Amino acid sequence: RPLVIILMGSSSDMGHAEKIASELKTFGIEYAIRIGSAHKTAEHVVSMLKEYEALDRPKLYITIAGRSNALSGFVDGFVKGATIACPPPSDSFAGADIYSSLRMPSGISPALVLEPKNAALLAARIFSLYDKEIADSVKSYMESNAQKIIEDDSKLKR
């Protein structure tokens, strides 16, 4: 019943969206991958957001936009519930595209997360506050990560 809308500005971002989606599927969380440009197809984005917003189910938007990221703040100020910004990595201007996701006005509150798997995890943990099944899944995932590190210590320690 939770839904995560993965909304990217360009078809060029699809590979970054697919990393987020794969990880969401591991948590058993439903997702939808969509494309719209805040700069070029603003009204198409508004229409889309209106469609998803009308759904009576707990939702999150994870917004993906390279270069100067207008999409994440655009979606965040339109929709009611929480959103997550997860821009694709860039080395242009030594990663300075990140400030465009960071520097929001008062009243715009997307959660910024750099890594696609971590964006999925944050989504899961947001639902987990009220969804016991998803909390069980997160618990398993993080315990597994921790056990692997301890197992690496046991195996490789000298």
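For every residue, the number given is its place in the sequence shown, counted from 1.
Peer 1: Could you check the entry and say whether 139 to 147 or 10 to 18 has the higher mean CA B-factor?
Peer 2: Mean C-alpha B-factor is greater for 139 to 147.
Peer 1: Comparing average C-alpha B factors as deposited, tell me which of 1 to 9 and 148 to 156 sits higher.
Peer 2: Result: 148 to 156.
Peer 1: From the list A54, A111, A123, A96, select the residue with the highest C-alpha B factor recorded in the entry.
Peer 2: Across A54, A111, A123, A96, the entry lists the biggest C-alpha B-factor for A54.
Peer 1: Based on what the PDB entry reports, which of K132, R103, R34, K59 has the top C-alpha B-factor?
Peer 2: When the deposited C-alpha B-factors of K132, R103, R34, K59 are compared, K132 is largest.
Peer 1: For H44, does the deposited CA B-factor place it in the lowest, middle or highest third of the chain?
Peer 2: For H44, whose C-alpha B-factor we compare with every modelled residue in the chain, the answer is the highest third.
Peer 1: Within this chain, which third does the Cα B-factor at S128 fall in: lowest, middle or highest?
Peer 2: CA B-factor rank for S128: middle third.
Peer 1: Using the B-factors in the PDB entry, rank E115's C-alpha atom against the chain and give the third, lowest, middle or highest.
Peer 2: For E115, the deposited C-alpha B-factor lands in the lowest third.
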